[PDB]
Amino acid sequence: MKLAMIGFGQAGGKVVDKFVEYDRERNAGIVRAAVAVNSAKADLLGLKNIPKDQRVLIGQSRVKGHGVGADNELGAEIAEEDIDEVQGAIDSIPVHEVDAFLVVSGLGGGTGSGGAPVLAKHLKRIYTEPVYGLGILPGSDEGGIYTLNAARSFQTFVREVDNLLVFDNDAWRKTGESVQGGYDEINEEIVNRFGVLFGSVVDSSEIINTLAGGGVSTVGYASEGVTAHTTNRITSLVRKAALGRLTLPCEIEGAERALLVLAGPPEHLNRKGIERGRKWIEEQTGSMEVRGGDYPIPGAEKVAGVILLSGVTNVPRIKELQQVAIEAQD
């Protein structure tokens, strides 16, 4: 699937940057365009893979290149005031050549938290391709203000995209490590999962149709190196992905639609594993629709299974954020 990726804020920027590197290393053809938007000048300079002409500094009149800290209200205001700066950069993207936009951002801060939903709304207003969000939730160790920002940002972001894919840092914390060291490993985990998803063969239509019901999505993932053997290995990965740690933890029962993706060398893929996998996923989810296919990749030394679950509900983490936002209103 061909994406226009826009990273918003420091986290969104680093994730999109890594996505570009991943896509390039594997010749995956995923990141057709990459743009980074920030109010902190130093953050944009630190990027490695996003073209300098696609790094947009906004809010100069308000924060003079110094960021908005964790003031997401100000983040939303600068995104609204300076949306034409962002559009300036987007105008260089060959939009006719993309299947969808993806707006990537941490929700706990200020620039991305406030600006990502503003951008998503702007994009849906002028383009007709789907606009998805990838929202990254904060660690519970960061502090109450970051949780509150995320709660408020989530409420708005989910309403402005066609679907909000979620990755929760709190479920993926790396304990013994430095903050930045933790983010480097987390960003690898993020890109390996969504990179496999966006990479009979699964086409973009199947992804778009899986996401079309809107709301929140979560991704399961398992991988391993290296006819019954093939089938059983596949069904095992499917189980490991469904029961393993999700990008956003939740009960998978009640998901609206599911998509199974198997990626690997053709000789270690077959139809039977995928068909059994789809039935098993339906048993575990009760999903309305369960699609499944593969990404044949010659020369690959790993097989990876990804399950995309769209329209998940009764998610404790989401119910927490809603409660957090509601209390702060009152």
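Residue indices: 1-based, along the sequence shown.
Per the record, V226 and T227 are separated by 10 or more deposited residues that are missing from the model. Coordinates are lacking for 10 or more deposited residues between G199 and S200. A summary of the deposited B-factors shows that, of 54 to 62 and 295 to 303, the stretch with the larger mean C-alpha value is 295 to 303. Once the C-alpha B-factors are averaged per stretch, 307 to 315 and 19 to 27 rank with 19 to 27 first. Across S140, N163, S105, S204, the greatest Cα temperature factor reported in the deposited entry is at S204. If you compare the C-alpha temperature factors of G75, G182, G144, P130 in the entry, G182 comes out highest. Per the deposited record, the Cα B-factor of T175 falls in the highest third when ranked against the other modelled residues of its chain. Compared with the other modelled residues of the chain, the Cα B-factor recorded for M5 ranks in the middle third. Ranked within its chain, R239 lands in the middle third, by CA B factor from the PDB record. Sort the modelled residues of the chain by CA B factor and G67 lands in the middle third. For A150, the recorded CA temperature factor ranks within the lowest third of the chain's modelled residues.
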